[PDB]
Amino acid sequence: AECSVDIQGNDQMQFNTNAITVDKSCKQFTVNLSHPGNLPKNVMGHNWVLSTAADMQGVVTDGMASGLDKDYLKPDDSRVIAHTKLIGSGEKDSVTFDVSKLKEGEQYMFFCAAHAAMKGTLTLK
Ligand SMILES: [Cu+]
């Protein structure tokens, strides 16, 4: 089984995939985020945030209210399963999480908290 994924967020405000699969045998899973391009984090920074699909809008709303000062996430938001730091071009960050925090029948989504239009699904498979 493959228990990690490499994902890119670019200067054009896009991730390079809209779907991540976590093999059901994985006990931990690592997301390796990078930022091709040349725009720095104070212009086009990206992170990677994981919640259930049902919780995404709520996380975004409360994140918006929390602002730039908090990378647009409510600190300690229990709905946020895992998240990376905000990165600019040429920078990278990885986050690892316990797959026990995921459930087989539930739908998850990942997104950038700075640019909530940048999103995709994450599924146990
Ligand atoms: Cu972003």
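The residue numbers of chain A are those assigned by Swiss-Prot, with the residues present covering 21-133, 136-139, 141-148 sequentially.
According to its header, the structure was obtained by X-ray crystallography, 1.6 Å.
Even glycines carry a Cβ here, placed using N, Cα and C.
The disulfide bond feature in Swiss-Prot is assigned to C23-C46. Neighbour density for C23 (disulfide bond): within 10 A of its CB lie 14 other CB atoms from the protein chains shown.
Marked as Cu cation binding site by Swiss-Prot: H66, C132, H137, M141. Packing around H137 (Cu cation binding site) is summarised by its Cβ count: 17 other Cβ atoms lie within 10 angstroms of its Cβ, all protein chains included.
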Practice problem: Sorry to bug you, but what's the C-alpha spacing from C46 (disulfide bond) to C132 (Cu cation binding site), rounded to the closest Å? | Solution: 24
Quiz prompt | recorded positions: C46, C132, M141 - member with fewest neighbouring CB atoms within 10 Å | solution = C46
Self-check item: Listed recorded positions adjacent to ligand 1, that is, members of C23, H66, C132, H137, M141 whose C-beta is under 6 A away
Solution: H66, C132, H137, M141
